[PDB]
Structures are given as structure tokens and as C-alpha cells.
Amino acid sequence: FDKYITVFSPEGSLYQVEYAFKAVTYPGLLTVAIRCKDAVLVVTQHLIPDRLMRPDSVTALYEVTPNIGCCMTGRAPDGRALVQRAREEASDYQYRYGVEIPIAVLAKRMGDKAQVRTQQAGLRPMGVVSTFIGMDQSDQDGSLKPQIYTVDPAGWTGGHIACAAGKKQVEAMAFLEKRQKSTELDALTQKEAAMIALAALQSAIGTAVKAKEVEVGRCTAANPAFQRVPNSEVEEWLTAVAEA
Amino acid sequence: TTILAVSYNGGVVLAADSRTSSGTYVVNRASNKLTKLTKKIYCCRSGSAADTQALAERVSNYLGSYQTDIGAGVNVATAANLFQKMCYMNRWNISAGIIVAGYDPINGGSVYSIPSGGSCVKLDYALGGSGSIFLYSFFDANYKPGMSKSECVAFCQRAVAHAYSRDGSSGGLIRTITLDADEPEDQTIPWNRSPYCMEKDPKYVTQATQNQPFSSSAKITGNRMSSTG
């Protein structure tokens, strides 16, 4: 009875929301984002076991607005649906305030949307971890400074220097944390940062990945629009990970 | 207000005066009447500044949402059919005379007049606003389709000038913008260097012989310009 609606158990936990965090683990897809000095990556697993499935079509990472790229992890279709809420949100903002939604807000508005589903009974929490990435103009000098923001099905918004979400998110965070003690991680070039992300993807699942079995998102201070990275440029990072 | 799109082979040129009058006083001297909907699809705006700006933003917003979700460019058609629906729904409340021009890769250089009523007429070239009425004859005479990008700009400027030189409502700068495969080229011809104006035209140097001295002869000479003469 505690378990099947969004109400507190005797120990003060909304069981439905612990059970949505399990729905992020279930598909066996792991994403890793990483902020560098001038850019953000989001690396996602992109596993198509069917030879007949068109690779092109199945994406984790959607554009939300030109400057903010998502990367949903969990029930794909719940992801798909949040992205639509996030676009609706970012268009609503663009109209009412006449500027692009700042990523920090977008994340925090999606935080409050996912909270509402943990409060009103009979809505299912979206079984997914939004990983919004984008440049955000610091109002001190004018510089574009890179950002990652995870929403999770609890409604917990947070910023991230780097982050993982999905199957092995514990072991992929363990790898990034151990590699935060060596380096600074915000004094890194886009290349170095990628090699750490794609090494965490590799360390976590336990296998060497192809440039086809991942898709990678990107925003830079130079090119603040959310780009998918071409499979050519990802292969120059997976060759550079296998070396060092 | 004077606005006009024309299509050349690759793309389009929009062009505009830059004057918004409250009738007889010039409120703003340097208004941008060319209003970006997408990267390559500008609309020109004649009539109530309020109403065209509100519609240009309302559409620029739907095209942004659209452009995101389809994960591709917007067809100019899409911009004009959105703009038609919004000009048509409110056709009684508003006073809006729009020209959506643009480039998409599918059709190339498209131009749609959306006048008051919320008609929507795909054309080779559209004229809008008070100062349109002057150009219609000027186009019928001097326009010659299949112009190069360079000529179409130099032409539209010449046009917007001939209009704003006769119309009171129209005047100031001649903003153009070229929308094609390449990156949008806006240029802003300031009045002091406009291609045509009545003031500098040698036709109108010699004054009308209205004043005319007290003479002993029906022979019209010139105006009286000194009290001594």
C-alpha cells in the first residue's frame, strides 16, 4: 500500500521513486557527461543488437533548445516525453522572457515537474535521469562557461563537474573520482576530458567500445550550439584512449 | 512604411525604410522592420508596429520549437502559413501587412505577401506598407526578373528610395538583407548616401515660378528673390 502510490513508508521514503531510480539501471545503457575548461561532452552508450534497426533513428541525446542538449537515461519513452516537457518549458520561457532559457533554470523547472509526479498520487514518476548540458553566460565578464545539470525521478536537480547515469553509474563515478585526485578536471582540454569520459564508459561496462557503440554530444565556448560529434572525431579519442 | 522582398535565382532580398511615424511626427528614425523568424527566413512588417512585432515573436517562437523537434531546417512556406493563420485569426483586431521571405534548401528563394485580410500569395516580389503604392509602377517599368544577388540589392535600395522620397510615412535608412545558401548579408544604406532622393535630383533643382515679380510684361522670368529686385 506504501509501495503502489506516492506516499511515505514508515521510514519516510517514497517507494515509487526508489523504484524509478531502478528503472534508470534496467535498460543497461550508461551515459557519462564531463565539463572541461571551454566545453561539455555527454557520452552515451548506443547499443543496437538488431542488425535491422537503423542506427541513425535511436538516440539518447536530443536537442532541447539550440544552446542546451539533453541526454535521457532510463525508459527511453519517459525520456522522449521529458524532452518534450523540456522543449515546451524552454519555448514558454523564450516567449515570456524573450531570452534563451539558462540551463540552470531549465534543469530546476524539470526538477519541479518531476517532484509534482512524486506528490500527486496516480502519476508514475518518469523512470529516467535527464542530463542537460550547455554553455551558460557568466554575468561578471560575458564568458560562456560550460554546465551539466542532472534531474532524477525524485526531482533532485544538481550541477556536475562530471557525472554518470545508468547501468554501472557507481563504477563509472568511482573511476571519475579516482581521476579527479590526479588532475583538476576544469583545467583540461576538450580532447583530455573526452579520453577520461570514454575511459569511464570503458572501465564501467568492462569492454573496449567502438565509435558506433557510443554517440557523443558537445557544446564549446567557440560553438555554443549543441552538436552531435561525428563518428570520425570519436574514433580519434578511442584510439588515443587505447594508447595511454 | 515601405517594404519589399524580391527573389533572385539563389535566394531573396528584403528591403525597408526605417521610419515609424505617429502620422506626422517620426517616433523612431531607425526601426528594423526586417524581423528574423529563423536563421534564413525574415519577415518585413508594415502597419501597427505593436501587432507585427507581437506576431513576428509569436511565429519566431513556433518556428524555433518546430525547427528543434523536426531536427531539420524550416521551409519558408511553413513560416508564411503560420504567419497567415495568425494574421487571419485576428484580421479584425490587428492592422498588420507582412512579407515573409526566406531561403530553405528545398524550394530556394520564396516570398509571400500576407496583406491585411490574411491572404497569402507566393510571388516573385512583394510590396508592402504606405510607400508600396509608389513602387508598383516603378516595378512594372524597371524590374526585370533573373537579376544577380548584387543587382537585386542595388535595385531594392533604389526602389525603397523612390518610395520613401514621395511617401511621408516612409523615410530614413534603407535596410536590406539577402537570404540564400551563404550567411545572411544585412546592409543599412543611410539617407545621406541613398541611391535616389528628390533633393539631389537635377529634375527638381530649378524652382517652380510661383512668386514672380511685379512686371510690365506677361513674360514669366523667375521667382522674386531680392526685395531690391
# chains A, B, ... in the order shown; residues from 1 in each chain; ligands from 1
call {"tool": "residues_around", "arguments": {"residues": "stretch 141-149 of chain B", "least_positions_apart": "2", "cutoff": "10 Å", "atoms": "only C-alpha atoms", "output": "number ranges by chain"}}
result
B: 6-13, 124-125, 135-139, 151-156, 159, 178-180
call {"tool": "interface_residues", "arguments": {"of": "chain A", "to": "chain B", "cutoff": "9 Å", "atoms": "only C-alpha atoms", "output": "MDAnalysis selection string"}}
result
chainID A and resid 62:66 84 87:88 90:92 94:95 98
call {"tool": "write_last_selection", "arguments": {"atoms": "C-alpha atoms", "output": "compact mmCIF listing (two decimals), in the first residue's frame"}}
result
# COMPACT_ATOMS: atom_id res chain seq x y z
CA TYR A 62 18.09 15.23 -28.04
CA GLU A 63 18.49 18.99 -28.59
CA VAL A 64 16.19 20.89 -26.12
CA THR A 65 17.00 24.39 -27.38
CA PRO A 66 19.91 25.18 -29.78
CA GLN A 84 9.07 17.31 -24.94
CA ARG A 87 11.16 21.93 -25.04
CA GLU A 88 7.60 23.14 -24.09
CA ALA A 90 12.16 26.32 -22.97
CA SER A 91 9.72 27.70 -25.65
CA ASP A 92 7.34 29.01 -22.89
CA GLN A 94 11.72 32.13 -24.74
CA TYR A 95 8.25 33.72 -25.33
CA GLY A 98 12.40 36.88 -24.67
call {"tool": "select_by_dssp", "arguments": {"residues": "stretch 35-209 of chain B", "states": "strand (DSSP E)", "output": "VMD selection string"}}
result
chain B and resid 35 to 38 41 to 47 96 to 104 108 to 114 121 to 123 125 to 128 174 to 179 185 to 189
call {"tool": "closest_residue", "arguments": {"among": "B:168, B:222, B:184, B:190", "to": "residue B:134", "atoms": "only C-alpha atoms"}}
result
B:168
call {"tool": "residues_around", "arguments": {"residues": "residue A:22", "least_positions_apart": "2", "cutoff": "12 Å", "atoms": "only C-alpha atoms", "output": "count of residues only"}}
result
27
call {"tool": "residues_around", "arguments": {"residues": "residue A:59", "least_positions_apart": "5", "cutoff": "10 Å", "atoms": "only C-alpha atoms", "output": "ChimeraX atom specification"}}
result
/A:44-46,71-72,76,80,214-215
call {"tool": "select_by_dssp", "arguments": {"residues": "stretch 45-134 of chain B", "states": "helix (DSSP H, G or I)", "output": "PyMOL selection string"}}
result
chain B and resi 49-70+76-89+132-134
call {"tool": "residues_around", "arguments": {"residues": "residue B:221", "least_positions_apart": "5", "cutoff": "10 Å", "atoms": "only C-alpha atoms", "output": "PyMOL selection string"}}
result
chain B and resi 209+212-213+215
call {"tool": "closest_atom_pairs", "arguments": {"of": "stretch 117-189 of chain B", "to": "stretch 86-108 of chain B", "cutoff": "9 Å", "atoms": "only C-alpha atoms", "output": "CSV"}}
result
residue,atom,partner,partner_atom,distance
B:117,CA,B:91,CA,5.9
B:118,CA,B:88,CA,4.4
B:119,CA,B:88,CA,7.8
B:126,CA,B:99,CA,6.8
B:127,CA,B:99,CA,7.9
B:128,CA,B:97,CA,6.5
B:129,CA,B:97,CA,6.7
B:178,CA,B:102,CA,8.6
B:179,CA,B:103,CA,5.8
B:180,CA,B:103,CA,5.5
B:181,CA,B:103,CA,7.3
call {"tool": "residues_around", "arguments": {"residues": "residue B:39", "least_positions_apart": "2", "cutoff": "9 Å", "atoms": "only C-alpha atoms", "output": "PyMOL selection string"}}
result
chain B and resi 36-37+41-42+179+183-184
call {"tool": "closest_residue", "arguments": {"among": "B:150, B:211, B:52, B:78", "to": "residue B:116", "atoms": "only C-alpha atoms"}}
result
B:52
call {"tool": "atom_distance", "arguments": {"atom1": "atom CA of residue A:243", "atom2": "atom CA of residue A:49"}}
result
27.8 Å
call {"tool": "residues_around", "arguments": {"residues": "residue B:175", "least_positions_apart": "3", "cutoff": "10 Å", "atoms": "only C-alpha atoms", "output": "list in words"}}
result
residues 3, 14, 15, 16, 17, 18, 30, 31, 32, 33, 34, 156, 157, 160, 172, 186, 187, 188, 189 and 190 of chain B
call {"tool": "write_last_selection", "arguments": {"atoms": "C-alpha atoms", "output": "PDB file, in the first residue's frame"}}
result
ATOM      1  CA  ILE B   3       8.914  47.182 -47.549  1.00  0.00           C
ATOM      2  CA  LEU B  14      14.075  42.072 -48.299  1.00  0.00           C
ATOM      3  CA  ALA B  15      14.412  45.877 -48.128  1.00  0.00           C
ATOM      4  CA  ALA B  16      12.782  48.535 -45.914  1.00  0.00           C
ATOM      5  CA  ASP B  17      12.647  52.168 -44.929  1.00  0.00           C
ATOM      6  CA  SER B  18      13.395  52.696 -41.189  1.00  0.00           C
ATOM      7  CA  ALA B  30      15.977  53.811 -37.318  1.00  0.00           C
ATOM      8  CA  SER B  31      13.490  50.898 -36.822  1.00  0.00           C
ATOM      9  CA  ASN B  32      14.470  47.443 -38.088  1.00  0.00           C
ATOM     10  CA  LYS B  33      11.302  46.406 -39.997  1.00  0.00           C
ATOM     11  CA  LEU B  34      13.120  43.214 -41.199  1.00  0.00           C
ATOM     12  CA  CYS B 156      15.628  47.155 -53.956  1.00  0.00           C
ATOM     13  CA  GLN B 157      17.595  50.074 -52.367  1.00  0.00           C
ATOM     14  CA  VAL B 160      12.808  51.723 -51.377  1.00  0.00           C
ATOM     15  CA  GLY B 172      15.302  57.289 -43.189  1.00  0.00           C
ATOM     16  CA  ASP B 186      22.347  42.760 -43.982  1.00  0.00           C
ATOM     17  CA  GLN B 187      23.385  46.275 -45.090  1.00  0.00           C
ATOM     18  CA  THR B 188      21.958  49.642 -43.937  1.00  0.00           C
ATOM     19  CA  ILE B 189      22.163  52.475 -46.570  1.00  0.00           C
ATOM     20  CA  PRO B 190      21.982  55.750 -44.585  1.00  0.00           C
TER      21      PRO B 190
END
call {"tool": "closest_residue", "arguments": {"among": "A:23, A:149, A:67, A:113", "to": "residue A:89", "atoms": "only C-alpha atoms"}}
result
A:113
call {"tool": "atom_distance", "arguments": {"atom1": "atom CA of residue A:172", "atom2": "atom CA of residue A:233"}}
result
22.5 Å
